[PDB]
Structures are given as C-alpha cells and as structure tokens.
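Report on the following structure.
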Number of protein chains: 2
Amino acid sequence: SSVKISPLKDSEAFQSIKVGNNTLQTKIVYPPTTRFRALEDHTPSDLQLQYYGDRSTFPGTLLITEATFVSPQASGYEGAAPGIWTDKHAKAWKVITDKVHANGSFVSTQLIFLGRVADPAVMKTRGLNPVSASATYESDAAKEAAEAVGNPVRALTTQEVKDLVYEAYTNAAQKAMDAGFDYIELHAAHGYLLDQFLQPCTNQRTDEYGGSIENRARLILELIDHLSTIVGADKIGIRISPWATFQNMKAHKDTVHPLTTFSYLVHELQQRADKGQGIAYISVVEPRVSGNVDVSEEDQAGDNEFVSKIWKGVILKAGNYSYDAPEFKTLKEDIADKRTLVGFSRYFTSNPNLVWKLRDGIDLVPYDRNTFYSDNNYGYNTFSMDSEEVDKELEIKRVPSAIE
Amino acid sequence: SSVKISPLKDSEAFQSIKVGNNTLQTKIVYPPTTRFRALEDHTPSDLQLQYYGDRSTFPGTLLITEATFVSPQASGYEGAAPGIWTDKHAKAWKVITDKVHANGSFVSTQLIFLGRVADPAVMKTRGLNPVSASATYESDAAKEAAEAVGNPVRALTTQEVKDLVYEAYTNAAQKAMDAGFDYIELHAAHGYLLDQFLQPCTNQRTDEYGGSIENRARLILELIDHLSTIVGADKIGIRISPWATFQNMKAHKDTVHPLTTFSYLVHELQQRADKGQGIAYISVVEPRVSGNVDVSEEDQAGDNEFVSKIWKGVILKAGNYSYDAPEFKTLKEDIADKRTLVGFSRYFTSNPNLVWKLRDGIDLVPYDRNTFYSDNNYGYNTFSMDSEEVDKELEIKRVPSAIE
Ligand SMILES: Cc1cc2nc3c(=O)[nH]c(=O)nc-3n(C[C@H](O)[C@H](O)[C@H](O)COP(=O)(O)O)c2cc1C
Ligand SMILES: Cc1cc2nc3c(=O)[nH]c(=O)nc-3n(C[C@H](O)[C@H](O)[C@H](O)COP(=O)(O)O)c2cc1C
Ligand SMILES: NC(=O)c1cccnc1
Ligand SMILES: NC(=O)c1cccnc1
Ligand code: NA
Ligand code: NA
Ligand code: NA
Ligand code: NA
Ligand code: NA
Ligand code: NA
Ligand code: NA
Ligand code: NA
C-alpha cells in the first residue's frame with residue numbers, strides 16, 4: 001500500500017546542516033542498503049551507477065553506500081556485493097561518486113567485514129577461514145555448515161587484529177579516497193565483525209582486544225584514531241545498532257547490557273571530539289528495527305536517547321520512520337535538536353526521488369521485499385522507469401555489467 | 001498581473017552545469033539588480049543579507065550581486081549602492097556570501113565603475129571629477145549639471161587607466177576574494193565605464209586605449225588578463241549589452257557597429273579559452289531589453305547569435321524571458337545547447353523563490369517598479385513575507401542598518 005504522507009518542506013528536514021566538511025541541504029538520508037547488484041569480482045556495476053545517481057537528485061542529499069568489503073578476508077556473501085580494496089574497485093566507484101557530486105550531493109561508503117557469519121564455502125574458495133574476535137558461531141546450523149566443509153571459524157591472532165588497522169582498513173580508506181568518497185563509515189552494527197568485537201557474547205579474547213568493556217572497544221577506537229590520521233576525522237562515520245539481535249547478538253540478554261557497551265563507545269568518541277578530533281557522524285539504528293527485521297514495541301528493550309545525551313555532534317537515525325505517517329511526529333521530534341539526520345532505507349528502494357516525495361507530501365510507492373536481494377535489474381532500477389515501459393522479462397535477465 | 005507559467009522541472013533548466021570551478025543545479029540565474037538598500041558608506045546592510053539569502057534556497061543557484069563600486073572614483077549615485085573597496089565592505093559581504101553558501105548556492109559580484117554618468121555633485125563631495133575614456137556627456141542636461149557645479153567630466157590620463165588595472169580593480173578583486181565571492185563580473189554593459197571605453201561614441205582617445213577597435217578593447221582585455229592572474233580565469237565573468245542604447249550609447253547607430261565591437265571582444269576571449277585561460281562565463285543582455293527599458297521587436301537592430309557562434313563556453317542570457325510564457329519557447333531554445341544560463345531580474349525582485357516557482361509552474365507575483373530604487377524595506381524584503389503580516393508603514397520607515 002502507498003504510504004500517505006504530509007509535506008516536510010517547511011520542517012527541519014529541509015534546513016541545512018554541516019556534516020564534517022560538507023553542508024547537506026536536506027536531513028533525509030539514504031542509509032546503507034545491501035542489494036547484491038555488484039559485479040562478480042565485486043567491482044561496482046552499471047546498474048549501481050544509475051541506482052545511486054537516481055537517488056542524488058535533490059541537491060545536497062547524503063547517500064551512504066551499501067556495505068562494501070574492505071578486503072578479501074572481509075567478504076563471505078554468495079550474492080555479489082561490492083568491494084573497495086583494488087584500484088579497479090576504486091576507479092569504478094569513482095564514476096559513481098562523480099555522478100552524485102555532479103548533482104551537488106554527497107556520498108559515504110560503508111566499510112564492512114563479515115567475520116563469523118561469512119559463508120564457509122565462499123571463504124574456502126579464497127583459501128581463507130571465516131574469522132572473528134573469538135571462534136563462535138551464529139547458530140548450530142552455522143557451525144554445522146562450516147565444519148562440514150572443513151572450514152571452521154577461527155579467532156584472529158593479535159597480529160592479525162593489528163593487520164586489520166594497518167593494512168585492511170588502511171588500504172580500504174586509501175581506496176575510498178581514490179574513489180572520491182566524502183566519508184567512510186565503519187560498520188559496527190548488526191552482528192558483523194566490529195560488533196562481534198564490541199560485545200561479550202562474541203568476544204572472549206584474552207589479549208588486549210578482549211576481556212573487558214574497554215578491551216572489547218579497543219579495535220574500534222584504534223580504527224577511529226588511525227583512520228582519523230589518514231583521511232581526517234571529518235571524513236569518518238560509524239554505525240551501531242545497540243538493541244539489535246540480528247545474526248544472534250544477545251543485546252540486552254548479554255552479560256554486558258548494550259547501554260553499557262555503547263555508552264562507553266559513544267563517550268570515548270565525544271572525548272575525541274572535545275580534543276578537536278570529532279568524527280563526522282554517529283549512525284544509530286532505532287529499536288523499531290533489528291537488521292532487516294521490524295521489532296514490536298513490546299519486544300523493544302531500550303532506546304537511543306543515551307546517544308543524544310552523550311554525543312554532541314551529528315547523529316543519523318533510521319528505522320521505520322514512516323510508522324506514524326502521515327504526520328511524522330516521531331521524525332519531527334527526533335530532528336528538533338537540529339543536529340539529527342533521519343534515514344529511510346526500504347522506501348528509498350522503491351522511491352528513487354524519496355527526498356522530493358517527502359518534501360512535497362507525495363504518496364510513497366510500496367517497496368518490494370521479493371527483489372531486495374536478487375541478482376538482476378528487475379525491482380532495482382525499474383522503479384525509476386514509468387511502469388508502462390518496463391519490459392519485465394528483459395529486466396529480470398539484465399544482470400550487472402561493467403560501467404561504460 | 002500574475003504571470004501564468006508551465007513547469008520547467010523536466011527541462012534543461014534543471015540539469016546541472018559546470019561554471020568555472022562550481023556546478024550549478026539550475027540554469028535559472030538572478031542577474032545583477034541595483035536596488036539601493038546598502039548603507040550610506042556603501043557597506044552591505046542587514047536588508048541585503050536577507051535579500052540574497054532569500055533567493056539562494058534552491059541549492060546550486062547562481063546569484064549575481066547588484067552593481068558594486070570598485071572604488072571611490074567608481075561611484076556617483078545619489079542612492080546608496082554597495083562597494084567592495086574596504087575591509088569593512090568585504091567583511092559585511094562575507095556574511096552574505098556565507099549565507100548563500102550555506103544553502104549550497106553560489107554568488108558572483110558585479111564590479112561597476114560609473115564613469116561619465118557619475119553625479120557631478122556627488123563626486124564633488126569626494127573631491128573627484130566624473131571621469132571617462134574621453135570627456136563626453138550622456139546629454140546636454142548632463143553637461144549642464146556638471147558645469148553648473150564646476151565639476152566637468154574629464155578623460156582619464158594614461159597612467160590613471162593603468163591605475164584602474166593595478167590598483168582599483170586589483171584591490172576590488174582582492175576584497176571580493178576576502179568576501180568569499182565565487183566570481184567577479186566585469187560590468188562592460190549599459191553605457192558605464194567599460195562600455196564607454198569599448199565603443200567609439202564615448203572613446204576618442206589618442207593613446208593606446210583608443211583610436212581603433214583593438215585599442216578601445218585594450219583596457220577590458222588587460223583587466224581580464226590581469227585579474228585572471230590574481231583570482232584565476234575560472235572566477236571571472238563579464239557582462240555586455242551590444243544592442244543597448246541605455247545612457248545614450250549609439251549602439252547600431254555608432255561609427256562602429258556593435259556586431260564588430262563585441263564580436264572582436266568575444267573572439268579575443270575565446271582565444272584565451274583556447275590557451276587554457278577561459279573565463280567562467282559571458283553574460284549578455286538580449287535585445288528585448290536595454291538597461292531597464294523594454295525594446296519593441298521593431299526597434300531591435302540585431303541579436304546575440306554571434307556570441308554563441310564565437311564563444312564555446314558558458315553564456316548567461318537575460319531580458320524579458322517570460323514574454324512567451326507560459327510555454328517559454330524562447331527560453332527552451334536558448335538553453336538547448338546545454339551551456340546557456342537564463343536570468344530573470346525583474347521577476348526575481350517580487351519572487352524570492354523564483355527558481356522554485358519556475359520549476360513547478362507556480363504563477364509569478366507581479367513586480368513593483370515603484371519600489372525598485374527606493375531607500376527602505378517596503379517592496380524589498382516584504383515579498384518574502386505573507387501579505388497579511390506586512391506592516392507597510394513600519395517597512396517604509398525601515399532603512400538599511402548594519403549587519404548583526
Ligand atoms: C535490503 C536491505 C539491505 C540492507 N543493507 C544494509 C547494509 O548493507 N548495511 C547496514 O548497516 N544496514 C543495512 N540495512 C538496514 C537498513 O540500513 C535500515 O537501517 C533498516 O532497513 C531500517 O530502516 P527502514 O525502516 O527505513 O528500512 C539493510 C536493510 C534492508 C531491508
Ligand atoms: C531595478 C533594476 C536594476 C538593475 N540593476 C542592474 C545592475 O546593477 N547591473 C546590470 O548589469 N544590470 C542591471 N539591470 C538590468 C537587469 O539585470 C536585466 O538585464 C534586465 O532587467 C532584463 O531582465 P528582466 O527582463 O528579467 O528584468 C537592472 C534592471 C532593473 C529593472
Ligand atoms: N550489512 C547489514 O548491516 C545488513 C545487510 C542486510 C540486511 N540487514 C543488514
Ligand atoms: N548597473 C546597470 O547596468 C543598471 C542599473 C540600473 C538599471 N539598469 C541597469
Ligand atoms: Na541535478
Ligand atoms: Na548468513
Ligand atoms: Na547489534
Ligand atoms: Na534528536
Ligand atoms: Na537550504
Ligand atoms: Na544619471
Ligand atoms: Na550598451
Ligand atoms: Na543557446
């Protein structure tokens with residue numbers, strides 16, 4: 001069903017805001033949204049070039065790219081997700097950032113590392129193991145799958161964790177700059193590698209990177225500090241999902257509560273800001289959503305108020321913000337402090353002109369979950385076409401191709 | 001009467017375009033429009049700050065400031081026009097350019113020098129004469145006015161012309177950069193100083209700055225070349241009005257036809273572009289308008305086709321573009337080559353959101369000639385208010401005040 005909405009034109013959503021070194025002209029953001037339309041070698045494709053281009057047309061919009069692998073060890077999906085570790089990746093991404101910039105908009109790349117959830121057969125083909133802070137599995141099924149192919153999850157050694165900072169993320173950051181990205185965003189949410197380090201259910205290390213709240217945060221803060229010296233703190237973001245149970249994170253049922261874990265991290269970030277090394281933004285997932293799953297009010301165990309209390313800089317919030325449309329009471333409350341951005345991910349898939357629709361109160365086109373993760377153009381770039389012109393069968397067969 | 005118009009949203013008017021180092025997101029421009037709401041010392045005012053701010057809200061719009069004096073000798077209006085020759089001027093303008101930039105828009109300052117039309121009593125109070133390329137007057141009345149106060153027009157000496165390049169315009173350019181302007185625009189139109197140099201009715205010099213087509217253009221090209229080394233060619237524009245008879249320019253009735261004079265100048269500009277020193281844009285007044293006066297098709301003696309044929313860079317055209325509204329056939333033809341901007345001046349006075357109105361086909365508010373040149377806020381910033389709230393008598397008494 002089309003979502004009826006009232007116009008946000010005269011609201012804070014269309015007041016400018018400085019984020020790092022750049023000024024956005026709308027507070028509506030496209031959050032990182034995995035779609036699997038990259039090329040098989042992980043280079044961004046012709047489809048992605050149009051896709052991000054189509055969403056950049058309100059000048060001064062921030063778009064954040066779908067999770068992008070920092071390195072071969074960072075991968076582990078069967079579908080084709082993009083990567084930012086080779087010159088080829090960077091050159092292809094550059095065509096996309098150029099297009100976004102030509103519309104006066106900005107783009108952040110989300111850097112992901114799968115960790116314990118990497119598909120063990122996929123990793124085997126690279127001669128790699130699934131790796132994590134500790135040797136744990138999301139489920140007994142995951143454990144079975146890995147041991148079946150003789151490719152069990154293993155804990156990174158101390159030196160490998162150092163390598164993550166000085167090699168894997170450093171190179172990804174350098175490539176992201178070659179590719180013209182305005183920001184890099186550390187993916188510390190949804191039970192992927194950095195989240196695995198942060199929380200105790202997934203990190204039982206006995207070196208400097210585990211064994212306490214402070215040690216578990218150490219890798220993340222070392223990345224923030226090191227990358228700040230490489231690209232500048234103004235080009236760095238980080239995403240967290242304190243309440244999510246996606247990919248079997250314990251969350252509030254863990255031995256350390258997310259309020260403790262994440263308040264520690266956010267306060268350390270603010271202390272860096274106080275010293276003139278404030279990162280560009282902290283992106284947080286609202287408790288209405290866990291990964292890609294909606295959460296009932298009854299199941300919600302907390303909220304993100306603590307982030308606003310502790311961190312004085314820009315905050316990006318996302319998670320079913322249209323739940324109280326058409327009036328958007330929650331959205332308006334959340335952006336009232338003038339330093340908060342609001343993201344829409346699912347509705348941006350089916351509404352490439354979402355910023356324009358929200359501005360002028362145009363009904364939203366419903367999204368199509370069936371085509372979120374498929375491998376072709378149908379339900380991807382087709383939302384930018386007039387229905388009468390979409391040749392469905394042709395588009396289902398249109399797989400990603402090289403740019404140009 | 002409100003002008004009925006069709007939406008330009010899907011037209012070239014909303015395709016991006018690179019102008020110098022910056023990219024505009026609309027081809028609709030606010031051309032330089034004198035309004036006399038500066039402070040008495042010529043520092044920009046609180047009223048001007050809001051006025052330009054109000055017109056910058058479509059992100060990526062180019063605004064061009066009202067003619068701004070390069071120096072004390074450049075002045076000569078009774079009304080209060082702004083200047084860019086002191087630190088105070090620059091600091092005040094900076095608040096205005098900051099505001100425009102915070103909306104993602106850009107601003108060019110038009111640098112004017114009045115010359116033979118400077119009010120002789122005003123110039124007397126500065127201890128200065130009206131000056132020009134040659135000692136000529138716009139009319140017998142102008143001659144009478146000047147001789148009456150014992151302050152006749154005089155020809156600049158050769159050294160004074162050099163001073164214009166190395167001192168007057170150089171300092172204005174440096175201040176414009178201090179003030180954060182994206183471009184400086186040489187005013188070579190409408191019978192002011194640079195136009196007085198270009199055309200033979202106003203320039204009968206016998207030094208290197210007159211006596212031939214090439215010598216008459218020499219000062220203008222020396223300014224282009226010298227300022228290009230100071231601020232970079234990408235930050236320079238120039239405005240010409242080949243067909244105008246404003247302030248008694250002979251135009252087509254002169255001993256050298258404007259097609260000759262202005263084709264010479266534009267071709268010299270293109271030759272600089274060919275060598276990598278191409279200026280940002282050439283602004284031309286369409287033959288529908290002469291200064292502030294509409295011209296009948298019957299009286300029009302030529303057109304600006306030659307500029308498009310000779311110059312390969314960005315062109316800004318202005319002059320009663322709504323004459324064939326609501327369809328805008330002429331506007332669409334003129335921007336079809338993808339390197340042409342179109343300006344609206346009179347309708348931008350009464351429609352601060354003009355870009356938005358044109359985008360979505362909203363009827364235009366009629367402009368009010370009676371308040372074009374008055375000294376107070378009524379009919380100036382009042383167009384941004386809802387009529388029901390305008391206290392007319394209060395606004396008529398609201399004269400310009402210092403910013404902040
Ligand atoms: C298809 C899909 C792909 C997603 N991919 C990512 C991702 O790559 N990185 C990420 O941090 N979140 C991802 N998310 C979570 C979303 O960014 C977003 O936080 C969530 O969908 C809630 O926002 P919404 O209600 O506006 O969709 C994804 C969600 C969906 C539905
Ligand atoms: C009140 C007024 C002030 C103007 N001031 C300037 C100026 O300072 N410099 C300039 O080059 N042209 C000036 N012009 C000419 C306009 O920029 C424009 O070229 C002309 O008005 C035709 O455009 P329009 O039909 O959209 O008004 C002015 C015109 C008007 C009506
Ligand atoms: N990378 C992510 O955080 C992600 C991907 C797909 C669905 N939900 C979350
Ligand atoms: N400066 C100008 O070119 C100008 C000023 C007022 C009216 N018309 C033209
Ligand atoms: Na655009
Ligand atoms: Na999985
Ligand atoms: Na989580
Ligand atoms: Na808030
Ligand atoms: Na704005
Ligand atoms: Na006069
Ligand atoms: Na003229
Ligand atoms: Na043209």
Side-chain angles (χ1 to χ4, degrees), chain A residues 7 9-10 14 356 359-362, chain B residues 1-14 25-35 37 47 50-59 61-64 66 103 105 285-286 288-297 316-335 341-374 376-396:
Chain A
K9 182 211 273 193
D10 298 320
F14 289 90
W356 296 107
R359 188 182 183 268
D360 292 302
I362 306 164
Chain B
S1 59
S2 66
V3 176
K4 308 257 203 51
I5 58 140
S6 306
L8 292 182
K9 182 211 273 193
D10 298 320
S11 75
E12 266 303 310
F14 289 90
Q25 300 303 330
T26 178
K27 295 195 166 67
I28 298 159
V29 174
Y30 179 44
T33 306
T34 290
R35 303 294 309 279
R37 270 71 165 194
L47 303 185
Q50 188 195 327
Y51 185 90
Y52 288 104
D54 284 349
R55 291 162 172 72
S56 68
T57 75
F58 189 91
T61 303
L62 173 63
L63 308 180
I64 308 173
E66 62 214 79
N103 275 339
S105 287
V285 185
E286 291 296 289
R288 285 182 300 274
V289 176
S290 173
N292 57 12
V293 177
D294 299 284
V295 182
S296 59
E297 191 142 44
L316 165 58
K317 290 174 168 287
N320 193 13
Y321 261 110
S322 77
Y323 87 105
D324 63 359
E327 290 320 304
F328 280 119
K329 180 178 92 80
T330 300
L331 181 155
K332 295 162 173 178
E333 283 172 348
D334 284 350
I335 63 175
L341 307 172
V342 289
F344 289 83
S345 160
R346 278 172 287 181
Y347 283 109
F348 234 133
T349 68
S350 55
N351 300 269
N353 67 337
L354 183 57
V355 176
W356 296 107
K357 283 204 174 84
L358 291 174
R359 188 182 183 268
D360 292 302
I362 306 164
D363 295 347
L364 308 181
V365 178
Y367 52 83
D368 185 52
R369 159 68 181 83
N370 183 242
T371 52
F372 280 177
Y373 311 107
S374 41
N376 55 74
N377 199 37
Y378 183 69
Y380 188 64
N381 275 333
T382 56
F383 285 102
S384 70
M385 301 165 89
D386 276 275
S387 19
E388 313 197 305
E389 184 217 328
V390 179
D391 184 338
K392 169 179 297 176
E393 293 84 5
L394 176 72
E395 297 306 337
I396 284 196

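A, B, ... follow the sequence lines: proteins, then strands. Residue 1 opens every chain. The basis for the numbers below is simple: all heavy atoms, side chains too, and nothing from hydrogens, waters or symmetry mates.
Checked against side-chain hydrogen bond (donor to acceptor under 3.5 Å, both in side chains), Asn353(B) has the following partners two or more places apart in sequence or in another chain: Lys357(B). Under the salt bridge (charged side-chain N to carboxylate O under 4.0 Å, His left out) criterion, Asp294(B) pairs with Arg346(B), sequence neighbours left out. Here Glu286(B) pairs with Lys317(B) under the salt bridge (charged side-chain N to carboxylate O under 4.0 Å, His left out) rule; sequence neighbours left out.
The closest donor-acceptor contact from the side chain of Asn381(B) to the backbone of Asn377(B) lies at 3.5 Å or more, if one exists at all. The closest donor-acceptor contact from the side chain of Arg55(B) to the backbone of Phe348(B) lies under 3.5 Å. Remark: side-chain polar atoms of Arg288(B) are not paired, donor with acceptor, to backbone N or O of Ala318(B) under 3.5 angstrom. A donor-acceptor distance shorter than 3.5 angstrom exists from the side chain of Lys27(B) to the backbone of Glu12(B), with no hydrogens or angles considered. Side chain of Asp54(B) to main chain of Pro352(B): no donor-acceptor pair is present (N/O by atom type, distance under 3.5 Å, no hydrogens or angles). A donor-acceptor contact shorter than 3.5 Å is absent between the side chain of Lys9(B) and the backbone of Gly361(B). A donor-acceptor distance shorter than 3.5 angstrom exists from the side chain of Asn376(B) to the backbone of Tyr378(B), with no hydrogens or angles considered.
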Under the side chain to side chain contact (heavy atoms under 4.5 Å, CB included) criterion, do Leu316(B) and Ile64(B) qualify, and how do the steps go?
CA-CA 11 Å; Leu316(B) 165 58; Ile64(B) 308 173; 3.5 Å; yes

Working note: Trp356(B) + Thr57(B), criterion side chain to side chain contact (heavy atoms under 4.5 Å, CB included); need CA distance, chi angles, decisive distance, verdict.
CA-CA 9 Å; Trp356(B) 296 107; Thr57(B) 75; 2.9 Å; yes

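Exactly one of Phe372(B), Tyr52(B), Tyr51(B) qualifies for a ring-ring contact (aromatic ring centres under 6.0 Å, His included) with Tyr380(B). That residue is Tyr51(B).
Figure legend: cation-pi geometry between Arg369(B) and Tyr367(B) absent, as NZ or CZ is not positioned both under 6.0 Å from the six-membered ring centre and within 45° of its axis.
Side-chain atoms of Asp363(B) and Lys4(B), non-hydrogen and from C-beta on, do get closer than 4.5 Å to each other.
In the model, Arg37(B) has a side-chain atom that pairs as donor or acceptor with a side-chain atom of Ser374(B) under 3.5 Å.
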